[PDB]
Structure formats: structure tokens, C-alpha cells
Amino acid sequence: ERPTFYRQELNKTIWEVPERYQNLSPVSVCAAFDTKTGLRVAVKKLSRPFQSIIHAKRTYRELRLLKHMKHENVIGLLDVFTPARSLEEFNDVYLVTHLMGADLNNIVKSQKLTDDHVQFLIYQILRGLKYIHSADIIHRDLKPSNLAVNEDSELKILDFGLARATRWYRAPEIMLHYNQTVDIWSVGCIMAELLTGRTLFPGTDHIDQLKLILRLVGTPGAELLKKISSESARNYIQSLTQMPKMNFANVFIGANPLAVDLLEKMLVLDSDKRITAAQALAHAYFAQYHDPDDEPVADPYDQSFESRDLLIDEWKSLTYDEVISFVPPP
Ligand SMILES: Cc1ccc(C(=O)Nc2ccon2)cc1-c1cnc2c(c1)[nH]c(=O)n2C(C)(C)C
């Protein structure tokens, strides 16, 4: 039924969680120990979940996403609770997931990694991306800071499908008509940073970002230019002077030739010609880890709520229904 909640203030806010979650420490997200399972968990308290319609919709969206995903390389909902015992008093939402311990930015420390650690880290990203994309969901903001990694170099993806600031890993079509391969471009930027130890495109603005991107992959041809309707976007690409496409063998010299070939297939300007997650998993670069019978897909995700403009109270009760109906995973 109902458990005992205790209150404790951290990060200048008051946390109220069941007694089964002990030793809360901030990392708004806290690290905590679940005395029921013996697991170290990550606890997230949603900030002002129903302050506005946008906040209420995003609160509902985040809860719907976590309840759907059941994948090894995708963060999932272990528990969700609220101290309120009625809908009217409902104004707090807590999310409990696995605690990996660090992000990809922390464990990398801006250092070069072996080709095999790169193989393993990138394989988990694509393996989880395939599951996410099979549910018809785009991450849109894949970056090292939302890739949770433990001391075993195991990886889970965070914050997928949440976003609708520096954008070093955003596909060049989001800045400046796009599909799921916008996440594949982010994987290429991440994989390039793991191999060489520097940010591939350290842009200072959206135009400086574009200049660094075009300098590597080259100025587009007519078959790509004819698919851009934005007269401003077509201007920036062409008004930026002619730039020959770099040799990826020279940009990533010393790296595994199979790694360079995969990067050329990921960092394609034309998103219509960009490799997908499933095709990337079948690339020869992942020969040591690829198994088609262990790269499962997801059930269909009901996304129709995204196209609805509802009041705050409606998004709140829908969120409330999802909290009461939650069943913990095995
Ligand atoms: C608690 C929580 C709740 C929801 C979401 C989430 O991803 N929300 C989504 C997903 C799709 O849409 N919205 C993420 C977390 C979470 C945050 N940080 C975590 C973590 C889990 N596990 C970790 O190890 N860490 C760090 C090491 C501290 C990085």
C-alpha cells in the first residue's frame, strides 16, 4: 500500500522519499541506496512539474518515455513515486533508475581510448539507439553528458526524446526535414572524440558550427542543395567559400581503418544517405560484438499526445494515472 516518507533538504530543495531509499547524495538528481533490492539507484525530483503547460506536458512526456523503454543500453524506470495520496495534492514526481555512476564526459577525461573500448562504447550507443528508433523516437540531443557509464564501461542512454547553449553534437540539419539519423551524426561526433581526444566541431555559434562541419565533409553538391527549401540555409552553405572535403584517413590517421570507414558513413551531410543504427550495428567495425539475435527492437510507442494542446490539470491527471498504474520491472 502506502510507505513511510521522510523529508530531507538537499540542493536547497526539500526531498521527500520512501524510507527504502537511503543515503541520498546529489550528483535535480540524487544518488541513493535502495534497501529493498540492494541496488544503487539514481533518483530524480522533477522541478516544478506543473508550473506551466510546457512543464506539465514535459512532465507527462518524460514519464511516458521511461515507462516504455526496457533495454539494457536504455535508461528505464525502476520506480516512480509521489508523497501525495490524492490527485489534488499531487505536485511532486520522483523518478528512480539505475545508477551507473558517471557520464561519458567524466570517464573519458578528454583522453584517447583504445580501439576496443571505442568499439564497446559506440556499440552500446547504436544498440540502444536501434531500440529507441524502433519505437519511432528520436533522441535529438545525443551527447556525452546524457550517456551514463559505470566502471564496467557499460552504458545507458538518457534524456532521449525530451528536447523539442553549445550544440557540438547536433546534426547539421537540425541547425539550419530530418529523420532519426540526426542521432547517428551525434554518434559520429562522439566516436571521433573518443578516438582522438578532442571535440570534432568546437563551434562558437551556429554559423561557426556550420563552418567547422563543412570544412571536414566539404561543401555540398547540387543533389543535396536541391533538397533545402530555406533560402537562408542555402545561403550560409554556399556563401561559405568553397571547401574541399577532407580525407578522413588523414583526419583520423592512426585509427582503425574500419573505424574511419564507419565515421565516413556516419558523418554524411545528406541525412537521406546517412547510415542508420541497425546498418551501423552490421558494420565490420563491430565484428567482435555484433549479434543480430541480441539487438532487439521495441514495442510501438503511443506518441499521439504530442500533437495535443491540453490544459495543465489535464496533463497533471494523465501524469497521475501513469504514476498509479506503474508496475516495477523484473
Ligand atoms: C534519475 C533519472 C531520471 C530520468 C532520466 C531520464 O533519462 N529522463 C528521460 C529519459 C527520456 O526522457 N526523459 C535520467 C535519470 C538519470 C540521470 N542521471 C543519471 C542516471 C539517471 N543514472 C546515472 O548514472 N546518472 C548520472 C551518473 C548521474 C549521469
# chains A, B, ... in the order shown; residues from 1 in each chain; ligands from 1
>>> residues_near_ligand(ligand="ligand 1", cutoff="6 Å", atoms="only C-alpha atoms and all ligand atoms", output="CSV table (one decimal) with C-alpha atoms, in the first residue's frame")
chain,number,residue,atom,x,y,z
A,27,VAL,CA,25.0,14.4,-8.4
A,29,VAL,CA,19.2,14.1,-9.4
A,42,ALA,CA,19.5,7.4,-9.3
A,43,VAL,CA,16.6,9.4,-8.0
A,44,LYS,CA,15.3,12.5,-10.0
A,62,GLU,CA,9.3,12.1,-19.5
A,65,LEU,CA,9.2,7.6,-22.2
A,66,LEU,CA,10.8,5.9,-19.2
A,95,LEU,CA,11.9,9.0,-10.9
A,96,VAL,CA,14.1,6.1,-9.9
A,97,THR,CA,16.5,4.5,-12.4
A,98,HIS,CA,19.8,2.6,-12.4
A,99,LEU,CA,22.8,4.4,-11.1
A,100,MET,CA,25.8,3.9,-13.5
A,101,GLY,CA,27.9,6.4,-11.5
A,102,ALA,CA,29.3,8.8,-14.2
A,103,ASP,CA,28.7,10.1,-17.7
A,148,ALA,CA,25.5,7.1,-18.2
A,158,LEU,CA,19.5,9.2,-21.0
A,159,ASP,CA,17.1,12.0,-21.9
A,160,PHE,CA,16.0,10.5,-25.2
A,161,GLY,CA,13.1,12.3,-27.0
A,162,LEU,CA,13.0,15.0,-24.3
>>> select_by_dssp(residues="range 15-251 of chain A", states="strand (DSSP E)", output="PyMOL selection string")
chain A and resi 15-18+21-26+29-34+40-45+79-81+94-98+102-103+147-149+155-157
>>> residues_around(residues="residue 280 in chain A", least_positions_apart="5", cutoff="9 Å", atoms="only C-alpha atoms", output="list in words")
residues 123, 126, 184, 262, 265, 266, 275, 285 and 286 of chain A
>>> residues_around(residues="residue 230 in chain A", least_positions_apart="6", cutoff="12 Å", atoms="only C-alpha atoms", output="ChimeraX atom specification")
/A:173,175-177,236-237
>>> write_last_selection(atoms="N, CA, C and O atoms", output="PDB file, in the first residue's frame")
ATOM      1  N   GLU A 173      21.442  19.338 -39.961  1.00  0.00           N
ATOM      2  CA  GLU A 173      20.112  19.614 -40.485  1.00  0.00           C
ATOM      3  C   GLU A 173      19.153  20.140 -39.425  1.00  0.00           C
ATOM      4  O   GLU A 173      18.157  20.781 -39.777  1.00  0.00           O
ATOM      5  N   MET A 175      20.093  22.340 -36.661  1.00  0.00           N
ATOM      6  CA  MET A 175      20.550  23.668 -37.036  1.00  0.00           C
ATOM      7  C   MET A 175      20.328  23.848 -38.530  1.00  0.00           C
ATOM      8  O   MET A 175      20.300  22.872 -39.284  1.00  0.00           O
ATOM      9  N   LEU A 176      20.144  25.097 -38.951  1.00  0.00           N
ATOM     10  CA  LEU A 176      19.956  25.419 -40.367  1.00  0.00           C
ATOM     11  C   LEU A 176      18.594  24.946 -40.879  1.00  0.00           C
ATOM     12  O   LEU A 176      18.216  23.784 -40.715  1.00  0.00           O
ATOM     13  N   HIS A 177      12.616  18.887 -42.078  1.00  0.00           N
ATOM     14  CA  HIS A 177      13.216  17.886 -42.960  1.00  0.00           C
ATOM     15  C   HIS A 177      14.356  17.171 -42.271  1.00  0.00           C
ATOM     16  O   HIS A 177      15.514  17.460 -42.564  1.00  0.00           O
ATOM     17  N   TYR A 236      23.982  30.320 -46.354  1.00  0.00           N
ATOM     18  CA  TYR A 236      25.120  30.104 -45.464  1.00  0.00           C
ATOM     19  C   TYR A 236      26.039  29.007 -45.986  1.00  0.00           C
ATOM     20  O   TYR A 236      27.265  29.105 -45.867  1.00  0.00           O
ATOM     21  N   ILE A 237      25.463  27.954 -46.567  1.00  0.00           N
ATOM     22  CA  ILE A 237      26.269  26.843 -47.056  1.00  0.00           C
ATOM     23  C   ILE A 237      27.116  27.275 -48.247  1.00  0.00           C
ATOM     24  O   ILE A 237      28.311  26.964 -48.323  1.00  0.00           O
TER      25      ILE A 237
END
>>> select_by_dssp(residues="range 46-157 of chain A", states="alpha helix (DSSP H)", output="VMD selection string")
chain A and resid 53 to 68 104 to 108 115 to 134
